[PDB]
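Below: one structure, written as structure tokens.
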Ligand SMILES: *[C@@H](/C=C\C/C=C\C/C=C\C/C=C\CCC(=O)O)CC(=O)C/C=C\CC
């Protein structure tokens, strides 16, 4: 019972974006939406964007989006390591265990986590300051279009559940710590951790969503689906670095990506 | 092999 709240509390501090806020905003002005290249350039120009993007100058709309995407990943991955630390008994794990879980984990956790800002119409950007059309993301020249859509497809089915922030935190913690990941020093401590974290979900679902008694099976399924998406994501990212002269990968992202697929 | 990640945890 203590474990569950501790994850919720840890999750709340670490992540700027939570489900309530994304849903709520969607309040003097609505988040500026980008449905077009023209709109993107103007959105790109504005003071907030300039402040928070690292001042990217690439000259390719598709290239800038892919680089702009990266700020979110680095930002999320950094937050994920902190979340992992908060989880009881994660601190214990050996550096090979902690790092290995994170490298596989960070992208799986994000995709489930990404959903809350996501909408069938669009996804929130710049801490909710901006909205980008799903159509517009899909329009971008290959292979840049491919990355956003399946994540959205997963997002549509995943959103439907539907999970409070407490639910996610438990889900996320489970994703982060997996016995299966390659090269783990100890299988038993992670597996023991998973059981604890996963058990909490079971107790949690019964009080929280009495209306759905089957949530855990469906929720568990998502991890298998998520695993494929990271594989699919990884393969795509690899394409860009080889195919495109222009695209650039953050040092942290390279370490995570390398050896993952 | 994972400089950034080791640094992140240790700080
Ligand atoms: C830069 C332009 C666009 C940023 C668009 C999307 C990034 C959001 C999420 C990406 C998440 C994960 C990436 C996955 C990966 O690459 O590995 C700045 C800009 O103009 C937008 C700012 C405000 C909009 C009003």
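FYI, residue positions are counted from 1 along the chain as it appears here.
This deposition comes from X-ray crystallography, 3.5 Å.
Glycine is no exception: its Cβ is also placed from the backbone N, Cα and C atoms.
Annotation source Swiss-Prot lists indeglitazar binding site at A:73, A:107, A:257. Packing around residue A:73 (indeglitazar binding site) is summarised by its Cβ count: 17 other Cβ atoms lie within 10 angstroms of its Cβ, all protein chains included.
Same-chain residues at least 6 positions away in sequence with a Cβ under 8 Å from that of residue A:226 (site 'Essential for heterodimerization with RXRA') are, in sequence order, A:108, A:111, A:112, A:154, A:175. According to its DSSP assignment, residue A:226 (site 'Essential for heterodimerization with RXRA') is helical. Per Swiss-Prot, site 'Essential for heterodimerization with RXRA' is recorded for A:226.
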Through the lens of DSSP with three states only, how would you label residue A:257 (indeglitazar binding site)?
helix
Within 10 Å of its Cβ, which one of these binding-site residues (A:107, A:257) has the largest number of other Cβ atoms?
A:107
Secondary structure at residue A:107 (indeglitazar binding site) (DSSP, helix/strand/coil)?
helix
Any of the recorded positions A:73, A:107, A:226, A:257 with a C-beta atom under 6 A from ligand 1? Give them in order, or none.
A:73
